[PDB]
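Enquirer: Let me give you the structure first, and then I'll get to my questions.
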Amino acid sequence: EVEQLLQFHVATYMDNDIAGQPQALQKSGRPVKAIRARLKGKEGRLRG
Amino acid sequence: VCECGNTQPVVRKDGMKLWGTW
Amino acid sequence: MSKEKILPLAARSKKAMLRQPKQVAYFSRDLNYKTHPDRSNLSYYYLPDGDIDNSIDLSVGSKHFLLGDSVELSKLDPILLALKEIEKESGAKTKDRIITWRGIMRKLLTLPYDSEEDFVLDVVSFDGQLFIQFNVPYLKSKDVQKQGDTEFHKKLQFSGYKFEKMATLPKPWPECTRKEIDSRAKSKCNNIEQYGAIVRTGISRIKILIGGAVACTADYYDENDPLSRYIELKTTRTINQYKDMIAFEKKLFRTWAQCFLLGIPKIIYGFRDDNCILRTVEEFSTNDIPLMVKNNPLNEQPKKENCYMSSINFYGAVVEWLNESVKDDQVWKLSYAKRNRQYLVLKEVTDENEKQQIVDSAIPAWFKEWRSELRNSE
Numbered sequence: 292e293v294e295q296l297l298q299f300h301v302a303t304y305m306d307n308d309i310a311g312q313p314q315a316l317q318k319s320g321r322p323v324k325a326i327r328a329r330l331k332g333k334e335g336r337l338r339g
Numbered sequence: 147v148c149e168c169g170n171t172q173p174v175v176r177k178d179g180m181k182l183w184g185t186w
Numbered sequence: 001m002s003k004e005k006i007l008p009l010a011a012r013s014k015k016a017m018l019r020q021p022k023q024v025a026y027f028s029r030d031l032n033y034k035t036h037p038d039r040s041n042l043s044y045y046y047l048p049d050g051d052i053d054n055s056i057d058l059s060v061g062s063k064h065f066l067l068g069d070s071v072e073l074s075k076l077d078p079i080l081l082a083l084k085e086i087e088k089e090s091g092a093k094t095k096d097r098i099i100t101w102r103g104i105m106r107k108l109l110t111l112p113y114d115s116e117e118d119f120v121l122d123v124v125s126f127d128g129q130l131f132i133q134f135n136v137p138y139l140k141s142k143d144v145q146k147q148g149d150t151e152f153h154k155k156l157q158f159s160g161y162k163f164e165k166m167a168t169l170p171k172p173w174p175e176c177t178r179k180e181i182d183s184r185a186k187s188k189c190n191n192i193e194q195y196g197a198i199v200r201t202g203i204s205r206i207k208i209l210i211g212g213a214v215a216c217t218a219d220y221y222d223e224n225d226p227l228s229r230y231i232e233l234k235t236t237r238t239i240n241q242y243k244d245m246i247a248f249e250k251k252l253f254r255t256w257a258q259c260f261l262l263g264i265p266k267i268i269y270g271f272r273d274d275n276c277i278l279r280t281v282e283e284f285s286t287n288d289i290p291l292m293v294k295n296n297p298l299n300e301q302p303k304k305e306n307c308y309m310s311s312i313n314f315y316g317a318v319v320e321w322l323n324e325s326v327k328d329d330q331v332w333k334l335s336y337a338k339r340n341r342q343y344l345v346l347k348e349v350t351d352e353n354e355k356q357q358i359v360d361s362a363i364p365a366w367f368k369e370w371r372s373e374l375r376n377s378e
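Given below as structure tokens:
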């Protein structure tokens, strides 16, 4: 279970929008900006 | 059947874990 | 000194992942509140599209509606009977921690966003397992408030139950007769007889054994995955304005939570007007509802925070708090006050007479001697 805890930590670190499970939420309530979204979407770097 | 005579269990994704069904 | 615990309402579980629930037992409560491990009271869904066109009124027979005792239906007798049966069959103590009903856990899940009702619950710790149910004096006070309800509310409740009667069958469709189908209009409606499923589910490291009242099944009973064919029914006022969508999605959140608890994959609504006339029948998927509400075209961005995932996190946090706080052989009370809507208060019970009465309401004597002889064997 602790291993799965670490797995979920790294999963939320890398991927934000994970299906069927909650995203990593900051202390302010906003989701944690995972590196997957850093290159996808308007806020992503690929669009610019 | 594989190419070994052993039945292949089905892997199901529960949450983030994978469970085998022999 | 009495010990009191306060849990902030903003508590959210980080890792409230759901293990797929499996039906480990089933029961059918009879008219005399006796539980038998059979599927006699299980219903089978059937409602053709063309039946809506008949403009069937949902108030035929409201004058002879039947209501069961709230205290009798709130007892955990069926779950304890199923637990004794599975313990005798296995011969080893189960690892389950939380014992509850579907409605209690739906109230605990929908509490932040459905804050128009008040409730008090009693928790009893026995053999390392927690059994939670309603509070008898508060339930009596609720009945006292209830007889002051107008006949319009009684007609609405009877309309919901009559819709459930009309949309179900007591047998599988091939095994039903015509008389059992067309006589549902004159069928007496009662809250006593019901079917339930005893299902093991998993939240984080906690195994919860839930007793969920199943309205009916899709077309048959699956002995491998019983949860996949289950279906329930609901009634809601029709929609004609923006406040109508708002109220309908508030009700949809509650019903989706109820279906998600017991793993019901599909949801069905019947729409009624101000005259209690069935207007439309709609069907939805449990896993599609969170996406359906967010992707509506009328209000694309009502809120930047998804309410459903927050609800699931609050449910997981409540489950974890209940498991961690309650110790062995302790009787506690969890009362939610809608006047505050700020935090959840957990209290201890010190009155020996009231504690014993609560235990007897939750744990019957015969189950006590059954667990006693199980302990002696252990």
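Protein chains in written order, with the authors' numbering: chain A, 292 to 339; chain B, 147 to 149, 168 to 186; chain C, 1 to 378. We put the CB at the ideal spot given by N, CA and C, even for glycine.
Quick check: what's the CA-CA separation for C:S2 versus C:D351?
Expert: 11 Å
Enquirer: Starting from the N-terminal side, write out each stretch of the alpha helix (DSSP H) that is 4 residues or longer and does not extend beyond the segment 262 to 303 of chain C.
Expert: 289 to 294
Enquirer: Which chain C residues sit within Cβ distance under 7 Å of A:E292?
Expert: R205
Enquirer: Could you check what DSSP says for B:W183 in three-state terms: helix, strand or coil?
Expert: strand
Enquirer: Tell whether a beta-carbon distance below 8 Å holds between C:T235 and C:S159.
Expert: yes
Enquirer: Along the chain, where does the beta strand (DSSP E) containing A:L330 start, and where does it finish?
Expert: From DSSP, A:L330 is part of no beta strand (DSSP E); its letter is neither H nor E.
Enquirer: I believe C:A215 touches C:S28 by the beta-carbon criterion, under 8 Å. Please report the beta-carbon distance rounded to the nearest angstrom.
Expert: Between C:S28 and C:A215 the Cβ distance is about 13 Å, and since that is not below 8 Å, they are no contact.
Enquirer: On a CA-only basis, which of C:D360, C:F248 and C:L58 is nearest C:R184? Give me that one, please.
Expert: Nearest Cα to C:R184 within the set C:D360, C:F248 and C:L58: C:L58.
Enquirer: What's the call for A:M305, buried or exposed, on a 16-neighbour Cβ count within 10 Å?
Expert: exposed
Enquirer: Just confirm the distance between the C-beta atoms of C:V123 and C:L334, as a whole number of angstroms; I'd bet it's less than 8 Å.
Expert: 7 Å
Enquirer: In its own chain, which residues sit with a C-beta less than 8 Å from the C-beta of A:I309, not counting the 5 before and 5 after it?
Expert: Correct list, in chain order: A302 and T303.
Enquirer: Residues in its own chain within less than 6 Å of C:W101 by CB, not counting five upstream and five downstream?
Expert: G211
Enquirer: Pick helix, strand or coil for A:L337, following the three-state DSSP scheme.
Expert: Of the three classes helix, strand and coil, the one that applies to A:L337 here is coil, per DSSP.
Enquirer: Hey, is C:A16's beta-carbon within less than 8 Å of any beta-carbon in chain A?
Expert: Answer yes: the Cβ-Cβ gap between C:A16 and chain A drops below 8 Å somewhere.
Enquirer: Checking the sheet assignment: what are the DSSP bridge partners for B:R176?
Expert: Paired residues: B:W183.
Enquirer: Could you tell me which residues DSSP pairs with C:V331 in its beta bridges?
Expert: C:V124
Enquirer: Using the beta-carbon of each residue, which ones in chain C are nearer than 7 Å to A:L296?
Expert: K15
Enquirer: What distance in whole Å lies between the Cβ atoms of C:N190 and C:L66, which are believed to be in contact at a cut-off of 8 Å?
Expert: Between C:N190 and C:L66 the Cβ distance is about 4 Å, and since that is below 8 Å, they are a contact.
Enquirer: Helix, strand or coil: how does DSSP classify C:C307 here?
Expert: helix
Enquirer: On a Cα-Cα basis, can you pick out the residue from C:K107, C:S55, C:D96 and C:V136 that is closest to C:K338?
Expert: C:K107
Enquirer: Cα-Cα, which of C:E85, C:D219, C:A92 and C:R12 is closest to C:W366?
Expert: Comparing Cα positions, the closest option is C:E85.
Enquirer: Return the residue from the list C:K327, C:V349 and C:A317 that minimises the CA-CA distance to C:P8.
Expert: C:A317
Enquirer: Are the beta-carbon atoms of C:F253 and C:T110 separated by less than 8 Å?
Expert: Yes.
Enquirer: Check whether the segment 322 to 332 of chain C touches the segment 126 to 144 of chain C, counting contact only when three or more Cβ pairs, one atom from each stretch, lie closer than 8 Å.
Expert: yes
Enquirer: Please identify, using Cβ separations under 9 Å, the residues of the segment 313 to 337 of chain C that lie next to chain A, in order along the chain.
Expert: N313 and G316
Enquirer: Give the straight-line distance between the Cα atoms of C:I98 and C:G148, rounded to the nearest whole angstrom.
Expert: C:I98 and C:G148 have their C-alpha atoms some 35 Å from each other.
Enquirer: If you draw a straight line from the C-alpha of A:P313 to the C-alpha of C:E89, how long is it?
Expert: 38 Å
Enquirer: Output, in sequence order along the chain, the residues in the segment 18 to 31 of chain C whose CB is closer than 8 Å to any CB in chain B.
Expert: If the cut-off is 8 Å between Cβ atoms, the segment 18 to 31 of chain C has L18, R19 and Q20 near chain B.
Enquirer: Between C:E282 and C:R272, what straight-line distance do the alpha-carbon atoms span, to the nearest angstrom?
Expert: 12 Å
Enquirer: From C:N240 to A:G320, what does the alpha carbon distance come to, in whole angstroms?
Expert: 34 Å
Enquirer: Would C:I264 and C:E305 be called neighbours here (beta carbons separated by less than 8 Å)?
Expert: no
Enquirer: Residues bridged to C:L18 by DSSP?
Expert: C:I203
Enquirer: Under the three-state reduction of DSSP, which class applies to C:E151: helix, strand or coil?
Expert: Helix.
Enquirer: So which residues of chain B does A:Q312 contact, with C-beta pairs closer than 8 Å?
Expert: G179 and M180
Enquirer: Is C:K5 closer than 8 Å to C:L322 when the C-beta atoms are compared?
Expert: no
Enquirer: Let's see if you can read the secondary structure: which residues bound the beta strand (DSSP E) around C:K234?
Expert: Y230 to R237
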